[PDB]
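Presented below, as structure tokens, is a lone chain in the form deposited in one PDB entry.
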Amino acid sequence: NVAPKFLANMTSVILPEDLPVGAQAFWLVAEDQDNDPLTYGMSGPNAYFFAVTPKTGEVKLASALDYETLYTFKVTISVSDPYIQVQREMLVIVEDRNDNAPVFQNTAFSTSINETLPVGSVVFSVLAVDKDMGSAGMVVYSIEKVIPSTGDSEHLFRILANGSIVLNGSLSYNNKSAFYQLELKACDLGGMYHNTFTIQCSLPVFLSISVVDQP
């Protein structure tokens, strides 16, 4: 008897982290010089991630993957002819997908500023973080809404790429507004999730700005 032998590409497999439980993950494939019928299996502490169809070598996902928790792992794979069992290690490489949104770190979202604060001043700073890799983890910030809404007020504040909010026009307690509420959003630059290009956005956050009158 000649022992069966896994094909060369059985050393590793790449799988997306969003693969649903129940889906085909990959095929275990081996060859046997005697042309024996071959049966397939998987074992070890990480084998529970999969379910092998022993007759065919089809591998189905049996427990959810997550790049954020276990980005690679090893399993023992097995092929058996009628006479001998042959076992090797396979590396499972999990691919990141865009399954997290930016999350704002800040506890507090209020400040008070003097009405004569010069244009260009930094007024507040926010930070949002996204766990994903690459563009799926790059955060962009936006001012979604300003209250009161004018004409003036839409151009009054600007948020920069590092999360600093700047004063972009002049204030007046008496003649424009004693306050502003800024609705902010953070979004990633997108990536694949559930088989489609996906952009994730935070929950909205609200910054309360009190304007102090100065005579």
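Residue positions are given as counts along the sequence shown, with the first one as 1. Definition used throughout: the rigid core is the maximal C-alpha set that superposes within 1.5 Å between two forms.
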{"query": "Of 135 to 143 and 101 to 109, the stretch whose C-alpha atoms average the higher B-factor in the entry", "finding": "101 to 109"}
{"query": "Higher-scoring stretch by recorded Cα B factor average, 30 to 38 or 160 to 168", "finding": "30 to 38"}
{"query": "Highest-ranked of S63, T56, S43, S153 once sorted by CA temperature factor in the record", "finding": "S153"}
{"query": "Third of the chain, ranked by Cα B-factor, where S121 sits", "finding": "middle"}
{"query": "CA B-factor ranking of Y180, expressed as a third of its chain", "finding": "middle"}
{"query": "Third of chain Cα B-factors occupied by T11", "finding": "highest"}
{"query": "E115 CA temperature factor, ranked by third within the chain", "finding": "highest"}
{"query": "Entry-reported Cα temperature factor of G191, expressed as the chain third it lands in", "finding": "middle"}
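Although not depicted, the form deposited in another entry is the subject of the following passage.
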{"query": "Cα displacement of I147 between this form and the one not shown reaching 2 Å, rigid core superposed", "finding": "no"}
{"query": "C-alpha of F157 moved at least 2 Å between this form and the one not shown on rigid core", "finding": "no"}
{"query": "Rigid core superposed: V166 CA moves 2 Å or more between this form and the one not shown", "finding": "no"}
